[PDB]
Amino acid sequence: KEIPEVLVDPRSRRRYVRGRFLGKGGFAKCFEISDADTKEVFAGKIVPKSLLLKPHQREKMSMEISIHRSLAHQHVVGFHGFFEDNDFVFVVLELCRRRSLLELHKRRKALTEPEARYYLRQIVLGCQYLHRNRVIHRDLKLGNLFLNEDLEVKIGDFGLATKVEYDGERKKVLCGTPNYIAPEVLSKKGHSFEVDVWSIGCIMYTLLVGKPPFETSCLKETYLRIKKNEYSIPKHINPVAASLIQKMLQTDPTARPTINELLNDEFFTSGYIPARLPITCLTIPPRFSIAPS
């Protein structure tokens, strides 16, 4: 059951030449795809219906599209359309040519504090937007924070995202395995937006420390630690940073900052936030000199 060389959308009359394989995110296989008219290049997410035999699995795809199609923001992955044939579902997404913060972290490990500020601010801005529109992402991790050509963060993968339908709603269920799973999810006693503030907490730790907050050999031993709040921040981490991590990584959901509180935190306001990063920042730690030589 092989994927077409050209992807034709009969409704919009659009044709996409299937370009080079990018990798296999989940059930989906991802390719650079180019529109035949505009020549505009996109990221195609192609999932075979043979893996969507069950309504439950079909419904998760549908919801992902439902949620992601309704979003437009600078730090959210552009959703440009979807369509299907008898064998596949095709989703046309914003190509993010510098991959994700995961690939950056693999190369650089711990970032400089300004780099963290730069990225975390964009992670927070997109996540503020989701929350404003009642969307919880629920799997914010380095692999889901994509980078465009200018190293701007674009929040992607809405396969666990859920829409809050009514004020004060606690989601009882999360069908999936998020990377930075909040303790209220692991305890299985309800959760809302504060789940995303947890993950951002873990992302900040990881960006600054160079490894995740609760990491172990065993995945269940890690879950043990998240419940128990078993983690510690190295001494070389600056107090203002370490304070904000501690605020975000509280077992109590109600005790964490809201998404609209974060950028007013001392970490952002009393520290240097680059306007932009150079592409060398993918490879080499930037020093942020005041002038060249």
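The first residue of the shown sequence is 1; numbering continues from there.
Student: For the stretches 225-233 and 61-69, which has the higher mean C-alpha B-factor as given in the deposited record?
Tutor: Looking at the record's C-alpha B-factors, the answer is 225-233.
Student: Could you check which stretch, 182-190 or 204-212, carries the larger mean CA temperature factor in the entry?
Tutor: Between 204-212 and 182-190, it is 182-190 that shows the higher mean C-alpha B-factor.
Student: Using the temperature factors in the entry, find which of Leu52, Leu244, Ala255, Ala43 has the highest value at its Cα atom.
Tutor: Among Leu52, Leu244, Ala255, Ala43, the PDB entry lists the largest C-alpha B-factor for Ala255.
Student: Using the temperature factors of the C-alpha atoms in this entry, rank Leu282 within its chain: lowest, middle or highest third.
Tutor: Its C-alpha B-factor belongs to the highest third of this chain's values.
Student: Give the position of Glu94 by CA B-factor within its chain, expressed as the lowest, middle or highest third.
Tutor: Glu94: CA B-factor falls in the lowest third of its chain.
Student: Is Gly168 in the lowest, middle or highest third of its chain when residues are ranked by C-alpha B-factor?
Tutor: For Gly168, whose C-alpha B-factor we compare with every modelled residue in the chain, the answer is the highest third.
Student: Split the chain's modelled residues into thirds by Cα B-factor; is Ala116 in the lowest, middle or highest one?
Tutor: Ranked within chain, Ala116 CA B lands in the lowest tercile.
Student: Among the modelled residues of this chain, does the Cα B factor of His105 put it in the lowest, middle or highest third?
Tutor: It falls in the bottom third of the chain.
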